[PDB]
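Report on the structure given below.
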Amino acid sequence: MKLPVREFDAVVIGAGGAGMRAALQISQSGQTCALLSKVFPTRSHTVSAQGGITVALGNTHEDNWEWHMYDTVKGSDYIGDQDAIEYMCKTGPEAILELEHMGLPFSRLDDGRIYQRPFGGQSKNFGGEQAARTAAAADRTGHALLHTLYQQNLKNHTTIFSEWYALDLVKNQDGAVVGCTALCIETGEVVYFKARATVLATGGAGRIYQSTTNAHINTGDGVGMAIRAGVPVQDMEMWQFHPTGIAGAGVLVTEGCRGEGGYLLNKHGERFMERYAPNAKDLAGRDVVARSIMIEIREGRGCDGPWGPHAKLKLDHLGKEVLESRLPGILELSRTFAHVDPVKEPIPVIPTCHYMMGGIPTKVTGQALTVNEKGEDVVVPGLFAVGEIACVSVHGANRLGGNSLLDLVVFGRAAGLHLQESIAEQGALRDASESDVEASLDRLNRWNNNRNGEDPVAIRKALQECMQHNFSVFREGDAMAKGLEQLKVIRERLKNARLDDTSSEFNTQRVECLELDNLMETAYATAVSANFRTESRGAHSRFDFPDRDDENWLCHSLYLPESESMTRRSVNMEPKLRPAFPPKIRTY
Amino acid sequence: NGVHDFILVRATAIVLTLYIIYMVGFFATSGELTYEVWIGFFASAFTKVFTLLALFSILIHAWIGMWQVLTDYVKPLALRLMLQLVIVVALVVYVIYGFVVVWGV
Amino acid sequence: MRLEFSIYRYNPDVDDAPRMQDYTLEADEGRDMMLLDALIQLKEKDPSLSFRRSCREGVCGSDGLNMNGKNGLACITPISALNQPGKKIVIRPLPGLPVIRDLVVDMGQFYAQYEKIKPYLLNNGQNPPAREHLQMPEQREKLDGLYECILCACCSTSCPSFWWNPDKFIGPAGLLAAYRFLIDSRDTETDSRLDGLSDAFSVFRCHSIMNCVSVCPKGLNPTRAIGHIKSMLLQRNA
Amino acid sequence: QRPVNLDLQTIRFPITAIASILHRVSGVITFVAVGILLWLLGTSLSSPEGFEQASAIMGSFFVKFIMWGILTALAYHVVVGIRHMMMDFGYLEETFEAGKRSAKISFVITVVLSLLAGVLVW
Ligand SMILES: *Cc1cc2c(cc1C)nc1c(=O)[nH]c(=O)nc-1n2C[C@H](O)[C@H](O)[C@H](O)COP(=O)(O)OP(=O)(O)OC[C@H]1O[C@@H](n2cnc3c(N)ncnc32)[C@H](O)[C@@H]1O
Ligand code: HEM
Ligand SMILES: Oc1c(Cl)c(Cl)c(Cl)c(Cl)c1Cl
Ligand SMILES: O=C([O-])[C@H](O)C=C([O-])O
Ligand code: SF4
Ligand code: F3S
Ligand code: FES
Ligand code: NA
Numbered sequence: 001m002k003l004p005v006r007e008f009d010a011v012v013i014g015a016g017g018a019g020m021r022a023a024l025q026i027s028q029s030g031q032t033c034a035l036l037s038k039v040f041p042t043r044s045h046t047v048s049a050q051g052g053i054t055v056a057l058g059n060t061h062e063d064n065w066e067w068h069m070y071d072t073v074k075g076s077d078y079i080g081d082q083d084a085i086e087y088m089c090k091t092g093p094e095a096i097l098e099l100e101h102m103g104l105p106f107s108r109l110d111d112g113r114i115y116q117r118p119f120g121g122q123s124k125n126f127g128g129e130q131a132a133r134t135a136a137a138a139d140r141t142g143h144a145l146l147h148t149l150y151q152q153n154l155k156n157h158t159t160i161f162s163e164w165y166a167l168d169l170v171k172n173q174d175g176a177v178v179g180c181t182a183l184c185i186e187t188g189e190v191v192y193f194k195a196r197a198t199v200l201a202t203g204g205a206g207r208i209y210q211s212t213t214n215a216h217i218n219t220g221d222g223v224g225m226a227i228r229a230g231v232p233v234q235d236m237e238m239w240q241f242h243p244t245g246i247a248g249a250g251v252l253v254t255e256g257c258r259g260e261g262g263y264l265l266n267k268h269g270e271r272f273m274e275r276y277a278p279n280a281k282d283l284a285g286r287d288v289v290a291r292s293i294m295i296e297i298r299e300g301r302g303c304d305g306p307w308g309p310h311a312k313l314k315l316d317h318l319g320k321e322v323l324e325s326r327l328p329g330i331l332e333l334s335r336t337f338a339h340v341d342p343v344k345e346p347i348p349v350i351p352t353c354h355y356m357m358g359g360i361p362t363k364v365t366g367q368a369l370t371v372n373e374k375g376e377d378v379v380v381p382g383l384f385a386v387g388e389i390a391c392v393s394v395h396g397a398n399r400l401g402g403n404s405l406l407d408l409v410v411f412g413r414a415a416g417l418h419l420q421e422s423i424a425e426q427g428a429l430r431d432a433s434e435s436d437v438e439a440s441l442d443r444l445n446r447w448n449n450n451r452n453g454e455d456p457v458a459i460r461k462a463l464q465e466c467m468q469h470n471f472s473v474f475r476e477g478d479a480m481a482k483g484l485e486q487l488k489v490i491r492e493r494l495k496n497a498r499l500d501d502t503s504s505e506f507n508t509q510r511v512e513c514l515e516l517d518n519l520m521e522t523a524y525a526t527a528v529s530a531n532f533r534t535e536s537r538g539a540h541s542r543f544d545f546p547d548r549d550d551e552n553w554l555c556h557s558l559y560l561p562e563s564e565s566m567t568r569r570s571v572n573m574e575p576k577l578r579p580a581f582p583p584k585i586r587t588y
Numbered sequence: 011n012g013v014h015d016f017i018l019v020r021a022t023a024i025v026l027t028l029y030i031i032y033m034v035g036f037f038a039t040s041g042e043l044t045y046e047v048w049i050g051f052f053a054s055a056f057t058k059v060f061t062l063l064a065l066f067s068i069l070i071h072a073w074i075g076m077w078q079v080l081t082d083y084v085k086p087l088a089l090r091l092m093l094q095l096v097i098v099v100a101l102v103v104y105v106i107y108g109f110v111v112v113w114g115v
Numbered sequence: 001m002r003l004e005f006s007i008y009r010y011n012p013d014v015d016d017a018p019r020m021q022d023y024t025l026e027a028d029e030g031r032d033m034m035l036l037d038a039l040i041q042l043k044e045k046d047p048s049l050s051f052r053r054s055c056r057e058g059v060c061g062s063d064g065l066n067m068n069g070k071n072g073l074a075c076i077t078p079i080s081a082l083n084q085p086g087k088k089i090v091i092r093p094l095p096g097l098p099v100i101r102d103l104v105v106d107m108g109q110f111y112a113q114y115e116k117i118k119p120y121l122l123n124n125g126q127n128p129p130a131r132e133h134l135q136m137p138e139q140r141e142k143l144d145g146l147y148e149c150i151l152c153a154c155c156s157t158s159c160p161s162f163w164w165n166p167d168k169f170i171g172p173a174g175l176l177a178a179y180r181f182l183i184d185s186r187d188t189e190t191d192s193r194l195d196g197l198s199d200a201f202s203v204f205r206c207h208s209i210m211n212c213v214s215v216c217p218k219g220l221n222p223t224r225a226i227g228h229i230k231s232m233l234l235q236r237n238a
Numbered sequence: 008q009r010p011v012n013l014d015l016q017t018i019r020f021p022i023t024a025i026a027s028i029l030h031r032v033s034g035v036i037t038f039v040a041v042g043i044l045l046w047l048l049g050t051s052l053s054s055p056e057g058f059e060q061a062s063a064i065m066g067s068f069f070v071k072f073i074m075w076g077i078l079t080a081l082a083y084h085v086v087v088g089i090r091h092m093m094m095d096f097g098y099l100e101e102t103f104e105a106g107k108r109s110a111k112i113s114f115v116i117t118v119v120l121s122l123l124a125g126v127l128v129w
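Protein chains in written order, with UniProt numbering: chain A, 1 to 588; chain B, 11 to 115; chain C, 1 to 238; chain D, 8 to 129.
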């Protein structure tokens, strides 16, 4: 060891929703715990969440967790694992009331109960009448949730290493994950965090695209670290494009706008969602509403102006009072980034890269999964994942509105709840050798020595443009084969990219270069996967295979990092408290 | 404590605002300021008492106030305590010197 | 059309003291952009320029800067609001905090004052709710204008009283948070809290300068909040 | 050890901020003025002679100037101080608009007193 070693029971890489809940839980469970985060905890993407948390509280009308389980399984287009989805919807209510008790400032009904609003994909009686089960604080829920979880961590004296950048996982000579190396952004010091349990909770990667609702810091760091560690990623081709991003800006306006009574219009003023989805209308599944708006545009029924091609989102008829009360957040957003006052005029929107369905495969416990040579599941000793970085999978091929926050809290909790048994079950892990740790540093050492290489700025731009034109809402076999080839090229250029800033006192340049490596691995695993799936399900939509193929593709796709090839995993269809929902035709 | 200061300062302010109104009252309506109409005003019991009352008010108000200023700008403990000593002795002098000036009129 | 900047620079390993450096950026004339846009582009040209940013939509509170003399968020300050013919756009770190590097400050004391006021629900557990704590819409409104704070540090770093006693005075941001728990109906420790704010510095260092109000990117009003706290304090200890 | 941006000259200050920095200065000045005012008042009472000696001093133009400043500083501290107290008692709103509005009216009320002060001393 020529590097400081900091030892903990658990090291939680990431301090957003899932990571902070998990930290909080692990800690109260007796164990030591380090919470790492490359930004100050409350700046994590979770802060920007608006709509709310979907959960069968049954405050707004009498509800039932199984109704929510149905909505999810259907919304996922039947590759969501039913046992996990059952766990989520069923646990939900208690896990969420728990937050209210932590002080989370939810909005209120007249009787004093948590306010709930209608949202995309929410029915009573297994596909029946429209429901309203998304609990919210105005349209600032993510902000309320995150700040509450931070305060809870403050109260609880959690150990938080703020503004430390995790570099790469560390593997013992047994293939078990025994912590990771991290770079302290302020001082430049590099350290080895040594843990019996490394929990990855690093969020999404919408920045592999050219336009996204995601923060600048969403660079799939977790996906890269995992891939480089030899750990497979799953369903990487399922990328959810939110129907209503602000045109020519990418900044999201909540699906809560449509849940409160707004609808989408095209250039002729037709509420075109009644055509594409007769029953659910503007509250149909997200993948569907996304494609619909994109079709309307692709046939000259889109609108135009300083924003670019877009659909009109009409709100004005809800009245100033309701808008300012239930949706004040998008009021400022629409005014600021669209120069449109939603109280008078419609908001210019267009589907935008939003959420990463894929990620590291995990059990409900949070334990990361890999497959052996026989294709069977094996647990990666020492590795865990929670939140967007994880593919449990509770969202399958299309996530439901409000279901991510639910996820963060439920599975962040669960992971801590089950950490003791997980550690005991895996047994003592052998120590990492000095060369094991040295290996983690390879990626960083390259950059520190490359002075005359390629410009990373151009490489990133090339990457994002590529994903944008080839792996967007609609995909075709030809484009995907060419995009994939350009990626191989782009990725070569990157192995020779240069770090133009050499300093060590808060050097943001080194960070952004380290991040780019992960943008790459993620973008790549996505492309290789999107090619592999020769069907159309949820968000994934190919023209050359327009049908959902339940005979060959009722499963997850798995990207094996070592051989850079694809494979498959079963979708679980065995709940415990009710019979499985059989795959049927999915229309809204 | 702070709530005490907060109240004391504002209380003395009300007293001193009444004193100023009363003193500006005299000045604004007296005209020919002969040595005799001046000394006559300051022989009055009302004027003697109001004035001493006003001097105490400054002692308290000014002390609290100057303290706030010092504890923003004057960091070194030594120098600050020294300055407070002056400021306070000064204030106390004010009240005593007033007791000497008006009592003898 | 060309844009000219003057930006604060400092790197302990190179710079003896801080310094203002000149920058030029070619800007698409027709289109308008945000200061953070410019900053990101300047970094392509000079990769050494360090600053913070994340959400780019004025919600996370990362990129607080003193722009043309006044605090705010780069991600939502339009170039057109800072640009005047013949004068450079001047960009400096938030005032009063230690400067780590270039435009990045050490938020240490800011967070410290935040923790000091115990910014978490304290409910003594008696008479538990059957499910969620019941809070009537009327009570929930009292949180409005208080819970939205992004801890961006704009208000506190523009307050003189905070400049002079950053560790004794709580500052606008913090006192706002304190009030946010002082009027939360679900918080049962109101008196205990108030007793911790009765010294001469915590709350009373505030003169109503009102810098706090004019800078808050979320349009919140720390002055009024500190106002309410003083009432409660008098109500209790007077 | 680290630098800090506290170069007062590089910062915008609103009218409300001006208003109180002056309130502070006017206060400190008034603290000195009370001794000077007492020193004068004491003279003008000790004897008939001392009084003449005082109104003699008050004749000097240089004295008349200082005397007007002293009265203007006090005028300010009182007006702006009452503004302050009015907020503390709820007669004034603590919004930013209401702050600016009242800070201006304070300045005007002060200029009017400052004149009536010169007239008292001229
Ligand atoms: C983008 C978005 C998403 C969103 C939303 C609005 C927006 C603009 N509104 C939602 C809503 O109303 N309801 C809902 O269910 N979901 C909504 N979403 C999606 C949701 O916000 C996200 O899916 C969710 O917030 C993900 O949370 P998670 O905890 O998984 O991720 P994170 O909050 O972004 O946290 C990431 C943390 O990891 C740290 N990090 C990342 N990389 C590193 C490295 N390299 N080293 C150390 N730390 C790292 C970050 O610092 C951060 O703390
Ligand atoms: C007569 C001699 C006086 C002196 C020497 C004096 C001095 C001071 C001083 C030193 C301060 C503190 C300044 C600061 O905190 O920046 C202050 C504040 C104040 N002054 Fe006076 N003052 C006098 C009279 C008055 C009067 C007649 C009023 C009536 C309005 C008044 C009203 C106030 C108020 C309300 C404050 C509150 C400042 C605070 O604590 O927030 N003062 N004064
Ligand atoms: O110390 C102070 C400074 Cl520097 C300023 Cl700028 C202001 Cl406005 C005030 Cl009120 C005080 Cl006390
Ligand atoms: O529309 C939203 O508010 C947000 O996009 C919700 C989810 O679930 O992601
Ligand atoms: S109160 Fe306003 S200025 Fe202060 S930290 Fe919060 S958002 Fe920033
Ligand atoms: S800017 Fe500062 S002094 Fe008070 S009203 Fe304000 S916190
Ligand atoms: S970058 Fe998030 S607040 Fe400006
Ligand atoms: Na995921």
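No residue lacks a Cβ here, since even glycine has one placed at the ideal position from N, Cα and C.
- For ligand 6, a non-hydrogen atom lies closer than 7 Å to the CB of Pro222/C.
- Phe38/D reaches chain B at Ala72, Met76, counting residues in chain order whose Cβ is nearer than 7 Å.
- In the DSSP assignment, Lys461/A falls within the alpha helix (DSSP H) that extends over 456-470.
- Set against 7 Å, the gap from the CB of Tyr355/A to the closest heavy atom of ligand 4 is smaller.
- In the DSSP secondary-structure assignment, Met356/A is bridged to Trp239/A.
- Under the three-state reduction of DSSP output, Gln116/A falls in the strand class.
- The beta carbon of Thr61/B sits no closer than 7 Å to any heavy atom of ligand 2.
- The three-state secondary structure of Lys584/A, taken from DSSP, is coil.
- By the Cβ rule, the stretch 242-260 of chain A does not count as touching the stretch 184-195 of chain A, because fewer than three pairs are nearer than 8 Å.
- Distance from the CA atom of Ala277/A to the CA atom of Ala580/A, rounded to whole angstroms, is 25 Å.
- Here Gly16/A is buried, its C-beta having at least 16 other C-beta atoms within 10 Å.
- Of the other Cβ atoms in all chains shown, fewer than 16 fall within 10 Å of the Cβ of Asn372/A; this residue is therefore exposed.
- For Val25/B, the secondary structure class from DSSP, reduced to helix, strand or coil, is helix.
- Between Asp95/D and chain B, the shortest Cβ-Cβ separation is below 8 Å.
- In terms of beta-carbon proximity, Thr27/B lines the interface with chain D, with at least one pair separated by less than 8 Å.
- Shown here for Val128/D: same chain residues with a beta carbon closer than 8 Å to its own, the five before and five after excluded, namely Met65, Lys71, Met74, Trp75, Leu78 in chain order.
- The criterion of a C-beta distance shorter than 8 Å is not satisfied by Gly142/A and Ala18/A.
- Neighbourhood of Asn237/C in chain B, by CB distance below 7 Å: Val13, in chain order.
- Ranking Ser334/A, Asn496/A, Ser440/A, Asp478/A by CA distance to the CA of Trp447/A puts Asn496/A first.
- Around the C-beta of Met1/A, fewer than 16 other C-beta atoms lie within 10 Å, and the residue is accordingly described as exposed.
- The beta-bridge partner set that DSSP reports for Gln234/A consists of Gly359/A, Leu558/A.
- Ligand 5 has a heavy atom closer than 7 Å to the beta-carbon of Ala173/C.
- Considering only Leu104/A, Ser123/A, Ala539/A, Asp549/A, the residue with the shortest C-alpha distance to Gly259/A is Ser123/A.
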